[PDB]
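Quick setup: the structure tokens below cover two forms of a single protein chain, split into structure 1 and structure 2.
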Structure 1
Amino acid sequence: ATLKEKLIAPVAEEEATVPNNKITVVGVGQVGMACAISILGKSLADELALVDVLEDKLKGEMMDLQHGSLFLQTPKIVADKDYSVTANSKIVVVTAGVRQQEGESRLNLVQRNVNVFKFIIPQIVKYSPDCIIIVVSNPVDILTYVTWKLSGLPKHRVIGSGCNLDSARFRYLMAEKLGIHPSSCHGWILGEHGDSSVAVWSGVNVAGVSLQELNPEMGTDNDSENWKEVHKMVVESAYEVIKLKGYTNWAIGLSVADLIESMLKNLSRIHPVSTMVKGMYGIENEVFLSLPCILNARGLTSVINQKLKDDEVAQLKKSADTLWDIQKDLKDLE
């Protein structure tokens, strides 16, 4: 007999087991592995599946993770260029494609990553018809729209990682000013994950105290405390970090892990993420951008209606315009 047979006496019939909280990460570059190690660190998946077109690095990442297995709570890790290995995922994180060169706008990536997504979105849905797709690749709003169209999935099951990260950055910068933890700072960056984002100044608050009531000039050009510069640091953050170390990955990895935690624990927590906002704030096309949404096990099930101020609605409309201007030229999507 094998050692296994000497040691192990079966009590159950052997059986094909169906993973419950299977997560797939697509693309195992900087962002993909940031997301993967964050997912594994929070024990969010009982099965992790990696997909990339670079087979050698894909197998290497899978082996490195598997070696850390003693320290994790994920009994199965699997990797393949073939999407069969992503079968029955609850959530598929898509991180594949080109990124920004230094100084380069995410919008300049569209045409390349669109061609990438046309190949990978169908495959996801072939093997995980019931999954939630979290889109990360840039430009994230456009490609969330593109994934929704390409997948034929319900709007609530195709989420763009959107401004979660921008908002996190916002709240850290405010936190650094006030000397309090970021989670005790409340503020929402909305719209495009990019240059046209919108700082909802009217919502920024500590312990229910409106900071715009303490500082009516907050977010104007004439503001002795210059909070416009905080929104600007938020807008420029990606470019500065890309200039310094060539990419960003740890922050987005943590943010994606936060979204996943809200969905798999069925928490119904509110996250600023990218969704179709046709018919709100006067936007008239099928634009995707970040609004506050309720995330739980079903995916994105609600948007929060806000009492945006005039200049804030105007910024949001301009961001919607910038995005639709690129969306309207996107063909061959079904």
Structure 2
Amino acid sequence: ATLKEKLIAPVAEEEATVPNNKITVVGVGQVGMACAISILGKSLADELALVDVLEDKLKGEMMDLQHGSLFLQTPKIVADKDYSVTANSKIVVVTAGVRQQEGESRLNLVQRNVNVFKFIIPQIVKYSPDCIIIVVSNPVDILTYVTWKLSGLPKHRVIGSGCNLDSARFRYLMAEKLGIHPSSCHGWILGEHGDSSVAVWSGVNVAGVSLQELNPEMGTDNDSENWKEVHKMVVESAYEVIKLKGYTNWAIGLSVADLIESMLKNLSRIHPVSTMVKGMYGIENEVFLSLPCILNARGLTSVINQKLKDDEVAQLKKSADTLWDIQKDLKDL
């Protein structure tokens, strides 16, 4: 006597189903929604859950995505301040907290976002004990460490976005120089996300041609190709976008969807994301820095061993000391 009962005859008994490829995005700000629309555009989720503390914005974002359902392949979009909505996620993307603000210190940003992660991370693993967490919130290397400690997950299931976007920006800047697609330019930005990153000059190449062999002054102060400036522009181009539009979100959203594609399609592609690097390159503390990592359906299963130069190792160790000096004073992790 219901329309649905006149129209639809069951062949299977209706039952509780669990999604096969559920993704949660925590924080529905600029970055969380760029992540959400990128995941939906690539059809990466059979179920998308959104969480924030702003219950009205959260409901509005959920409804706006639902209204686009005809154009997508995600049959369930749900949102709630309550983490019960996130249950049985395969991947949880954490974009929550506050951006850096002009006039505020790096310590200040650590205190604001560690406060947020202390509430969020235990809730995530309560409902999705088997998930992979992708940490995007800044400062990303500290917050990846904080996530690993609070989550109790194994290292291979806690991934910092780290230098993934730095590398994508570097390959774009190379591409601009040469007039070719960034996918045909190869080069790795590793270590700490942003100011103190390492450009691995020996690896920079097109079609396997070492650009450091063609220009041995690459990365020195006596270089007519000014590669040191290109490395600086990886950092400075982001600050410029932040000054101009207030934040960055589109490139980070696409880069997060690209990580998720590698994992849910079980591809074992190599990405410069952040992993726990104690015992690598002489690092003696528990810190997360970016190295070329293999990603697949298990998470971050392997790292590439590189022949890093003494100056490259020296920067990784100084980064590890800077991170550890902040981390050793964090309480209740």
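Numbering runs along the sequence of structure 1, starting at 1. Rigid core: the largest C-alpha set superposing within 1.5 Å between the two forms.
Here the rigid core is superposed between structure 1 and structure 2, and of 103, 129, 216, 75 the C-alpha of 103 is the only one to shift by 2 Å or more. Once both forms are fitted on their rigid core, the CA atom of residue 316 lies 2 Å or more apart between structure 1 and structure 2. On the core-superposed pair, the CA position of residue 236 changes by 1.2 Å between structure 1 and structure 2. Note on residue 297: its Cα is shifted 0.2 Å between structure 1 and structure 2, core used for superposition.
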